[PDB]
Amino acid sequence: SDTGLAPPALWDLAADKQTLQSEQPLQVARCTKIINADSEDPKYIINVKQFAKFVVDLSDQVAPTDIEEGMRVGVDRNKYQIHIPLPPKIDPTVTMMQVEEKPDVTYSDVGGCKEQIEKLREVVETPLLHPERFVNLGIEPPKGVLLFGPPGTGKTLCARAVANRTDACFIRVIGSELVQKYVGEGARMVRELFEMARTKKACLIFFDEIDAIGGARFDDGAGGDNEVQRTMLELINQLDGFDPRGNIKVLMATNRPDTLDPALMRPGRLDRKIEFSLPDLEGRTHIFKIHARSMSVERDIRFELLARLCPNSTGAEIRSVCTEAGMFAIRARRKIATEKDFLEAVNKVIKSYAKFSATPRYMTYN
Amino acid sequence: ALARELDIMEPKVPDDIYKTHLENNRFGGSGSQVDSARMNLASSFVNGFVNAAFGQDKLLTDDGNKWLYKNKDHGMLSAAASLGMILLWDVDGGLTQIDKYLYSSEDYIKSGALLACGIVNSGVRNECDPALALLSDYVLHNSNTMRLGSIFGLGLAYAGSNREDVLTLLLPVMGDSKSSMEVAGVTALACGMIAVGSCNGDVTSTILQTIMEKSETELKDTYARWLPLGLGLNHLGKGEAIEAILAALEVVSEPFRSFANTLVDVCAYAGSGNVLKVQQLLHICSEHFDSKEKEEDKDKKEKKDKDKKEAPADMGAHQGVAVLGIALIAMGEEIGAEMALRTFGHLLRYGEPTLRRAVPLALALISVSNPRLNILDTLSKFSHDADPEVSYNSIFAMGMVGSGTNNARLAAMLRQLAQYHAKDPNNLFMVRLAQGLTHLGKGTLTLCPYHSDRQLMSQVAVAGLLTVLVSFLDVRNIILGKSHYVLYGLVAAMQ
Amino acid sequence: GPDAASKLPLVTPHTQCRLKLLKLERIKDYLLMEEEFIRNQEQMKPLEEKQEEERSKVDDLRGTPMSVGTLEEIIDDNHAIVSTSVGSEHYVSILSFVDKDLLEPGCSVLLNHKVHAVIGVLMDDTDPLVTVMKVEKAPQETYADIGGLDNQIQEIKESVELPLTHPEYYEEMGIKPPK
Amino acid sequence: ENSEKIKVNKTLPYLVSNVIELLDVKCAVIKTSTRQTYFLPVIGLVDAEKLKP
Ligand SMILES: Nc1ncnc2c1ncn2[C@@H]1O[C@H](COP(=O)(O)OP(=O)(O)OP(=O)(O)O)[C@@H](O)[C@H]1O
Ligand SMILES: [Mg+2]
Ligand SMILES: [Mg+2]
């Protein structure tokens, strides 16, 4: 035991006779890759993994059109005859980037970004859904969006939210995964990504934190960063590169917009740029509501006053006030918060921790 | 009013976007559109239900003439019923304009429309009770076809009604063998569920109408199973003092009397949690039939074991299912015993992944050896989590579509019409109360679709009759509303 | 996955309340019927023993020199591509004897040594990285030993220890614990 | 002869190899795609001049 013991009732359901009926009649094949289709009628050239490059034709049941150059196909283990086409090989590290479970956040937990949300839905949530509206006019909808702003403003939330409603496949990318040891295979992960996406009629790619692989072209004469630069070029070439990119709609959010190559920031690749500025008064008065809902309150709380006590407070700094104001109630042993509790919260998360912060040194985007 | 107007957001949900997320199927064909009615008919069923309660969210109705031309002559008869589902719970809104166009040709198309009437008229329980007045005339009219549609709708519309006039009135129509068998057979199921009390006069009369049948019809019928079901629920709670007459008077009958008598016992003994009564069912019954040619009885024996075991203090549920897998499938008979797949979903059907579905049922869903076996399990999954409002369900559904029996058309519509239909939102299917121990007597109607799909003679596989797979839905709503006399409105939270 | 112990931790009565007794007797009746339910059917149908016959046939279907390889991809169920020992990829056929659940893309697979196929998954050796940072128990330093810092011990207690011992507090005010 | 000639070719599976040195002491030395070298004394069913190293 401890290896593969499955539900014993399922073994008999496995029909051991059929298994014997399958552990003999079903010949085990070996993966291969086709290089040429030598003409005459059959005469396919083959390349097994690490045995040799043999010459094979067919068995009986694979239609000639079923096989094409550079297609994965299984072969006989004795006479080396093609029997079944095989899927192309996608790097497992690139195939794990596909999101299988939608994040549990919708387009109602981001507040104050009304204009940003609307401008982020006509390029990633309308060209795909209701795709006939644009047909009755000459419009290729913009393909690509850059979300930039100070840290803790909501760049990822508006992206994590879009994945909650999008019907097309959503592909992750962190911007640090595209950094790999050997020269070369940092562009393979950027070539395989789009090959997988093109296999999906509608696909979205979220190049989160595109600053580790999206730097500016810099030649110091001392062999500065080059592998990252090469990877960025492949990304730039696969968005408008003498080959229709397909239906892929990129979506990359950067913490440092003033660092990107002046070729990843032109229409065609990163078409529309959406600015995520610090919330205004009406904004942060709404962020407080969206984060203080599922909590006990005095009901009669001047949330507007609290909003105006933290003028340049990022969205994160507002949740920390709400998540900390109730903290002052857990300590007093009370179960219902109070405005005085929140005021002490603002005095700690906004004016007491302002020594470190991130907003003052980032709104210059440097 | 408070869902669309007050709420700022109001997006639309076209069917095409989510119909095929996996694009492997479309690859290679490159279009190749075909006029096959089998493909078209199944797709309409899925789309129609999702569009319910969407007055302005209709796009395939204004120009639906083209869809009518792309099918067979007899295909539209089954599709004609689906039109009514769109206008759900329309007492008079949809009927105002239909009457003016009634004086027209194409009377054949009218047959399918009536099937929709029964579903829409079910649950309203109007004091005037217009359903008989608006359905009795055509039933009595001399025509097998036009009254054929009326038979199904009448039973469902009067689930809460228990008037004896209708039950006796319907008996002669089914008792007339000069008409089609299906006409009488389909009706017999409807009448059984209407009466939940005793109904002594008709229960015995119904038995008589089954007794005076030839051996070939009685033996090889494939349709007599539903007969005890109506009687079984019509005799629930009866003791030995009542069944004594039935047993004593049923001692000069054919051996089939034992086949039917089995169902009554369980229904009467609603709560009878014990071991002595259950044991002879599995062992004594199984051994005795091995020496004779009689069959098709052990399957019903196992499915009814759910009774008096639904709520074992939330502790006997897990234990019961485990025994079934290692008992009814581990060494059971090759076909009949192995066909105890719809029992697991019957015991508890609300949606509870990772503990009761992936292991018990998901494993057997990939039985590619025999497509027929997958038929029972493919439909079994949809029943227990049809509307669970769980976002973590679609991953498993895509685990088989496009990777299994795709070339075969018979297995094609098994998964597409059911697996992709489990995305219906704002709907709940659990019928147990908050306590979870007090069941609803009339809410237990979700038991008929547990053996009909197995045989499939003009039932599922054969086109012409598919409303059987639409009538068993009887559940409550999942929406909770709060309001005041002057429409004040509160925002009180819940946990 | 499943837990061998804790069949029903219903200690809510926490006393001599009769409710404890009713549930226990329920299993006893079910056990009694199962006893003669298995042995009885095990005589006139001597096909599968389920204790010695069940294991025996699968072993023959397996091979004495069971192979070890890496599963590289998951083609349609009952079929997969497993990387051979050294460098070859085989389009093997998955046998139902495997749990069919632990087949993660790249963990491990046991294959027959002649007709190579999937015979069984293998648990993955604890990677050295896990053992590197898996601190077992703080040797001696207690929490009253630290001394001095008092107002600063409450913050750590209230962020990394309270939400795991008394979640109710960050359970009724609907506030997630400080990250 | 053609029936026998096809019999060797009828074994369609070939082993691709690259000619290394077309020695004239009209022989050939090949390097099969398995890291094995050989000294085919007779070139085979191909011209001795159409084969270049
Ligand atoms: N407008 C907003 N409304 C509500 N919550 C917000 C808003 N903006 C930010 N947040 C809060 O920010 C947190 C997550 O921040 P997020 O990672 O999206 O910010 P960011 O600035 O895009 O990130 P980074 O630059 O670190 O990648 C969440 O807890 C979320 O509640
Ligand atoms: Mg981010
Ligand atoms: Mg631009």
# chains A, B, ... in the order shown; residues from 1 in each chain; ligands from 1
>>> residues_around(residues="residue 127 (chain A)", least_positions_apart="3", cutoff="10 Å", atoms="only C-alpha atoms", output="list in words")
residues 121, 122, 123, 124, 130, 131, 132, 133, 134, 140, 141, 142, 143, 202, 247 and 249 of chain A
>>> write_last_selection(atoms="N, CA and C atoms", output="CSV table (one decimal), in the first residue's frame")
chain,number,residue,atom,x,y,z
A,121,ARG,N,-13.2,48.8,-18.9
A,121,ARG,CA,-14.2,47.9,-19.3
A,121,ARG,C,-14.5,47.9,-20.8
A,122,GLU,N,-14.2,49.0,-21.5
A,122,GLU,CA,-14.3,49.1,-22.9
A,122,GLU,C,-13.1,48.6,-23.7
A,123,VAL,N,-12.1,48.1,-23.0
A,123,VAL,CA,-10.9,47.5,-23.6
A,123,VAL,C,-10.7,46.0,-23.1
A,124,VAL,N,-11.3,45.6,-22.0
A,124,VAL,CA,-11.1,44.3,-21.5
A,124,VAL,C,-12.5,43.6,-21.2
A,130,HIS,N,-20.6,41.0,-25.9
A,130,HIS,CA,-21.2,41.9,-26.9
A,130,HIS,C,-20.3,42.3,-28.0
A,131,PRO,N,-19.6,41.3,-28.6
A,131,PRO,CA,-18.6,41.7,-29.7
A,131,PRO,C,-19.3,42.2,-31.0
A,132,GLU,N,-20.6,42.2,-31.1
A,132,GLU,CA,-21.2,42.6,-32.3
A,132,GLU,C,-21.5,44.1,-32.4
A,133,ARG,N,-21.4,44.8,-31.2
A,133,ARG,CA,-21.7,46.3,-31.2
A,133,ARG,C,-20.7,47.0,-32.0
A,134,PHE,N,-19.4,46.7,-32.0
A,134,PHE,CA,-18.4,47.4,-32.7
A,134,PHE,C,-18.4,47.0,-34.2
A,140,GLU,N,-11.5,49.0,-34.4
A,140,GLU,CA,-10.7,48.0,-33.7
A,140,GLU,C,-10.6,48.4,-32.3
A,141,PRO,N,-11.3,47.8,-31.3
A,141,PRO,CA,-11.2,48.3,-30.0
A,141,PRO,C,-9.8,48.3,-29.4
A,142,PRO,N,-9.4,49.3,-28.6
A,142,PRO,CA,-8.0,49.3,-28.1
A,142,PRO,C,-7.7,48.0,-27.4
A,143,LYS,N,-6.5,47.5,-27.6
A,143,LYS,CA,-6.0,46.3,-27.0
A,143,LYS,C,-4.8,46.5,-26.1
A,202,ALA,N,-10.6,33.9,-26.9
A,202,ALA,CA,-10.5,35.1,-26.1
A,202,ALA,C,-9.6,34.9,-24.9
A,247,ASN,N,-6.6,37.7,-30.5
A,247,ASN,CA,-7.6,38.3,-29.6
A,247,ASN,C,-7.0,38.6,-28.2
A,249,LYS,N,-5.7,40.4,-25.2
A,249,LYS,CA,-5.8,41.8,-24.7
A,249,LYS,C,-5.0,41.9,-23.4
>>> residues_near_ligand(ligand="ligand 2", cutoff="8 Å", atoms="only C-alpha atoms and all ligand atoms", output="mmCIF file with C-alpha atoms, in the first residue's frame")
data_model
loop_
_atom_site.group_PDB
_atom_site.id
_atom_site.type_symbol
_atom_site.label_atom_id
_atom_site.label_comp_id
_atom_site.auth_asym_id
_atom_site.auth_seq_id
_atom_site.Cartn_x
_atom_site.Cartn_y
_atom_site.Cartn_z
ATOM 1 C CA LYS A 155 -3.969 48.664 -9.381
ATOM 2 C CA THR A 156 -4.277 44.958 -8.558
ATOM 3 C CA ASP A 208 1.469 42.425 -13.007
ATOM 4 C CA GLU A 209 4.327 44.622 -11.795
ATOM 5 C CA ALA A 253 -0.038 47.613 -14.061
ATOM 6 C CA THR A 254 3.235 49.236 -13.017
ATOM 7 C CA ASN A 255 4.205 50.923 -9.763
#
>>> residues_near_ligand(ligand="ligand 1", cutoff="6 Å", atoms="only C-alpha atoms and all ligand atoms", output="list in words")
residues 109, 110, 111, 112, 150, 151, 152, 153, 154, 155, 156, 157, 255, 287, 315, 316 and 319 of chain A
>>> atom_distance(atom1="CA of residue 10 (chain B)", atom2="CA of residue 54 (chain B)")
12.3 Å
>>> residues_around(residues="residue 144 (chain A)", least_positions_apart="2", cutoff="9 Å", atoms="only C-alpha atoms", output="ChimeraX atom specification")
/A:123-124,142,146,248-252,267-273
>>> interface_residues(of="chain A", to="chain C", cutoff="6 Å", atoms="only C-alpha atoms", output="MDAnalysis selection string")
chainID A and resid 3:4 6 11 14 28:31 49 294:296 323
>>> atom_distance(atom1="CA of residue 326 (chain A)", atom2="CA of residue 167 (chain C)")
13.9 Å
>>> residues_around(residues="residue 40 (chain D)", least_positions_apart="5", cutoff="10 Å", atoms="only C-alpha atoms", output="list in words")
residues 22, 26, 27, 28, 29 and 30 of chain D
>>> residues_around(residues="residue 194 (chain A)", least_positions_apart="6", cutoff="12 Å", atoms="only C-alpha atoms", output="PyMOL selection string")
chain A and resi 90+94-95+97+171+173+187-188+200-205+234-239+243-250
>>> decode(residues="region 83-211 of chain B", atoms="C-alpha atoms", output="compact mmCIF listing (two decimals), in the first residue's frame")
# COMPACT_ATOMS: atom_id res chain seq x y z
CA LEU B 83 -41.51 28.40 -25.68
CA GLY B 84 -43.75 28.56 -22.61
CA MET B 85 -40.84 28.33 -20.18
CA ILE B 86 -39.62 31.78 -21.26
CA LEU B 87 -42.77 33.51 -19.99
CA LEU B 88 -42.70 31.95 -16.54
CA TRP B 89 -45.60 32.77 -14.20
CA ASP B 90 -47.67 34.77 -16.70
CA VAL B 91 -51.27 34.37 -15.54
CA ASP B 92 -52.75 36.48 -18.35
CA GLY B 93 -49.97 38.60 -19.87
CA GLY B 94 -48.94 36.09 -22.52
CA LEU B 95 -52.44 34.76 -23.22
CA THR B 96 -53.91 38.13 -24.25
CA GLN B 97 -52.25 38.14 -27.68
CA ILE B 98 -52.31 34.37 -28.28
CA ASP B 99 -56.11 34.26 -28.53
CA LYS B 100 -56.32 36.75 -31.41
CA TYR B 101 -53.93 34.58 -33.45
CA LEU B 102 -55.63 31.31 -32.43
CA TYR B 103 -57.79 31.29 -35.59
CA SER B 104 -54.92 30.14 -37.80
CA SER B 105 -53.59 27.04 -39.53
CA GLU B 106 -50.82 24.69 -38.34
CA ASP B 107 -52.80 22.94 -35.62
CA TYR B 108 -49.93 20.48 -35.17
CA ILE B 109 -47.69 23.16 -33.64
CA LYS B 110 -50.41 23.88 -31.07
CA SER B 111 -49.87 20.47 -29.44
CA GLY B 112 -46.46 21.37 -28.01
CA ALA B 113 -47.62 24.72 -26.63
CA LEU B 114 -50.01 23.19 -24.09
CA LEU B 115 -47.20 21.38 -22.27
CA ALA B 116 -45.88 24.78 -21.19
CA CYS B 117 -49.26 25.73 -19.70
CA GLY B 118 -49.08 23.14 -16.92
CA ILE B 119 -45.74 24.37 -15.60
CA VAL B 120 -46.72 28.05 -15.63
CA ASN B 121 -50.07 27.33 -13.96
CA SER B 122 -48.45 25.19 -11.24
CA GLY B 123 -48.13 26.83 -7.83
CA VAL B 124 -50.54 29.73 -8.40
CA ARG B 125 -53.40 27.80 -6.73
CA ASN B 126 -55.99 30.30 -7.93
CA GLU B 127 -59.17 30.33 -5.86
CA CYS B 128 -61.30 30.10 -9.01
CA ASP B 129 -58.95 27.31 -10.17
CA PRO B 130 -59.13 28.17 -13.89
CA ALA B 131 -56.90 25.29 -15.00
CA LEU B 132 -59.71 22.73 -15.29
CA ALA B 133 -62.03 25.24 -16.97
CA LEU B 134 -59.21 26.15 -19.38
CA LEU B 135 -58.07 22.52 -19.84
CA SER B 136 -61.06 20.19 -19.35
CA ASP B 137 -62.75 20.99 -22.66
CA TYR B 138 -59.87 19.82 -24.85
CA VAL B 139 -59.24 16.67 -22.80
CA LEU B 140 -62.80 15.45 -23.32
CA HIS B 141 -62.68 16.43 -27.00
CA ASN B 142 -62.27 13.43 -29.31
CA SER B 143 -58.64 13.56 -30.39
CA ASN B 144 -55.62 11.55 -29.25
CA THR B 145 -53.10 14.24 -30.21
CA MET B 146 -54.57 17.54 -29.02
CA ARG B 147 -55.52 16.16 -25.60
CA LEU B 148 -52.15 14.38 -25.47
CA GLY B 149 -50.41 17.59 -24.44
CA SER B 150 -53.10 18.42 -21.89
CA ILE B 151 -52.50 15.22 -19.91
CA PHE B 152 -49.04 16.15 -18.60
CA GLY B 153 -49.88 19.73 -17.64
CA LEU B 154 -53.01 18.92 -15.64
CA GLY B 155 -51.22 16.76 -13.07
CA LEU B 156 -48.43 19.24 -12.35
CA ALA B 157 -50.72 22.28 -12.12
CA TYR B 158 -52.75 20.62 -9.33
CA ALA B 159 -49.96 19.30 -7.10
CA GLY B 160 -51.49 21.10 -4.12
CA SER B 161 -55.04 20.34 -5.24
CA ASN B 162 -56.54 17.09 -3.96
CA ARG B 163 -60.09 17.24 -5.34
CA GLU B 164 -61.41 13.73 -5.93
CA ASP B 165 -63.44 14.75 -8.99
CA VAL B 166 -60.33 15.18 -11.15
CA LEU B 167 -58.66 11.94 -10.06
CA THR B 168 -61.73 9.85 -10.88
CA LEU B 169 -62.34 11.87 -14.05
CA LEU B 170 -58.84 11.19 -15.37
CA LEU B 171 -59.17 7.44 -14.78
CA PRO B 172 -61.42 6.70 -17.80
CA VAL B 173 -59.07 8.50 -20.21
CA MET B 174 -56.13 6.34 -19.13
CA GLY B 175 -58.39 3.31 -18.75
CA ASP B 176 -59.34 3.46 -22.44
CA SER B 177 -56.86 1.19 -24.23
CA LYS B 178 -58.20 2.13 -27.68
CA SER B 179 -55.90 5.17 -27.60
CA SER B 180 -52.09 5.27 -27.53
CA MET B 181 -50.29 3.46 -24.73
CA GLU B 182 -48.04 6.45 -24.04
CA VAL B 183 -51.17 8.58 -23.58
CA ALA B 184 -52.35 6.35 -20.74
CA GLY B 185 -48.89 5.62 -19.34
CA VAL B 186 -47.73 9.23 -19.09
CA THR B 187 -51.01 10.19 -17.41
CA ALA B 188 -50.73 7.46 -14.77
CA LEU B 189 -47.64 9.07 -13.23
CA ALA B 190 -49.36 12.44 -12.82
CA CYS B 191 -52.39 11.12 -10.92
CA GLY B 192 -50.31 9.21 -8.37
CA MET B 193 -48.67 12.28 -6.85
CA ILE B 194 -51.86 14.36 -6.55
CA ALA B 195 -53.27 12.37 -3.62
CA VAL B 196 -51.03 12.23 -0.54
CA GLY B 197 -53.68 11.10 1.95
CA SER B 198 -55.53 7.78 1.72
CA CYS B 199 -57.92 7.95 -1.27
CA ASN B 200 -59.18 4.44 -0.59
CA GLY B 201 -61.67 4.33 -3.45
CA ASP B 202 -59.28 5.16 -6.28
CA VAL B 203 -56.16 3.46 -4.90
CA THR B 204 -57.93 0.10 -5.03
CA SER B 205 -59.52 1.01 -8.37
CA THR B 206 -56.11 1.90 -9.80
CA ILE B 207 -54.81 -1.52 -8.73
CA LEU B 208 -57.71 -3.20 -10.53
CA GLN B 209 -56.91 -1.38 -13.78
CA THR B 210 -53.43 -2.91 -13.58
CA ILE B 211 -54.48 -6.45 -12.62
